[PDB]
Protein chains: 6
Amino acid sequence: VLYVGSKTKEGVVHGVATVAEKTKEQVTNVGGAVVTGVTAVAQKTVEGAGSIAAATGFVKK
Amino acid sequence: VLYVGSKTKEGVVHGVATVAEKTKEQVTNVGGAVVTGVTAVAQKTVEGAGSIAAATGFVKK
Amino acid sequence: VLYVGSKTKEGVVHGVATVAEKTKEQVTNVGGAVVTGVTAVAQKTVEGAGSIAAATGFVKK
Amino acid sequence: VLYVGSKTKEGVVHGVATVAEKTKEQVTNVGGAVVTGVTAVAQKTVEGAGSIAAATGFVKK
Amino acid sequence: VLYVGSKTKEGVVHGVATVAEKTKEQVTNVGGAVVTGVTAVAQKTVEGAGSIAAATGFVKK
Amino acid sequence: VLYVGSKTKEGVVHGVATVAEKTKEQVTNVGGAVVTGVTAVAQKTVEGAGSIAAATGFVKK
């Protein structure tokens, strides 16, 4: 059971942002969802044994 | 059970954004969904053994 | 069971956006849906063992 | 059970940001969700023995 | 059971920030979620023996 | 049971920051979650036996 409510006159919002000028290699990496607004709500659930999650930037062999 | 409600006079919203001028390689990578508005809601569920998720930037052999 | 409601006088919204000036390689990559509006809602469900998801930027052998 | 409520006249929010000029290599890596707004709420649950999470910057073999 | 409430006239919030000019290598790494707003709430739970978490900067051999 | 309330005319908050001009290697690493606002709340729970947590800077072989 979840209840949320809100009131506002003004507002401005920014999520993820990136700038690069002269870089050779640059990485932005995310595993979940990305959710955005004046009001934002997010939920998840997983069931069963042996679950794995593996957020990784890069690999060189 | 989920309940959401909202009231507002003004607002401005931005999701994911990216700029690159002279970079050699650049990557933006996301594993879930992307949801955006003045009000935004998102939900997910997974069932059964041995679930896997593997969000990766890049690989070189 | 889900309930959502809204009232607003003015508003402006932007989804995913990209700019590249003189770059050699650039990649924007997404695994779910992209949903956008003044009000936005999204739902998903998966059933059965051995589910797999594999959002990857690029690969060089 | 969770209850939340808010009242505000003005506000400005920034989620995650990044600037890089002449660096050779640079990485931003995150394992969970990113959630943002004037009001933000986030929840997760996992059930089972073999549970693993492995957030890593990079590897060189 | 949790109850939270707020009233405020003005406010400014910055979550995570990072700036790099001429560095060879630079890493920011996080194991959980990132949550940010004028009011912010986060919760989590894990069930079952032998649970592992291993947030690491980098490895070389 | 937990209860929280607040009242404020003005406030400014910075979560985590990092600056590096000419360094060879710099690492910022965190094993938990990062949570930030004018009012902020965080909670965790683990049940079982034989748990491990291993937050580390870097390793060289």
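Structure notes:
- Enumeration of residues in the stretch F:7-24 that are assigned to a strand (DSSP E or B) and surrounded by 14 or more Cβ atoms within 10 Å (Cβ to Cβ): F:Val13, F:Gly15, F:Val16, F:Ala20
- Scope the stretch D:13-52; condition acidic (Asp, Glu) and closer than 28 Å to E:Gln26 by Cβ; matching residues: D:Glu21, D:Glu25
- Selected residue (only one of C:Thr28, C:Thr45 is at the interface with another protein chain (Cβ under 7 Å from one of its Cβ atoms) and under 19 Å from A:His14 (Cβ atoms)): C:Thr28
- Tallying residues that are more than 30 Å from F:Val1 (Cβ to Cβ) and polar (S, T, N, Q) within the stretch D:1-51 yields 5.
- The requirement of being exposed (fewer than 13 other Cβ atoms within 10 Å of the Cβ), without any contact (Cβ under 8 Å) to a residue 12 or more places away in the chain, out of contact with any helix residue (DSSP H, G or I) (no Cβ under 9 Å at 6 or more places or on another chain) and part of a loop (DSSP other than H, G, I, E, B) is fulfilled nowhere in the stretch F:25-40; no residue meets it.
Read-outs: derived from the displayed coordinates by stated rules, not from any lab. Heads up, the Cβs are rebuilt from the backbone with ideal geometry, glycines too, and the neighbour counts pull from every protein chain shown.
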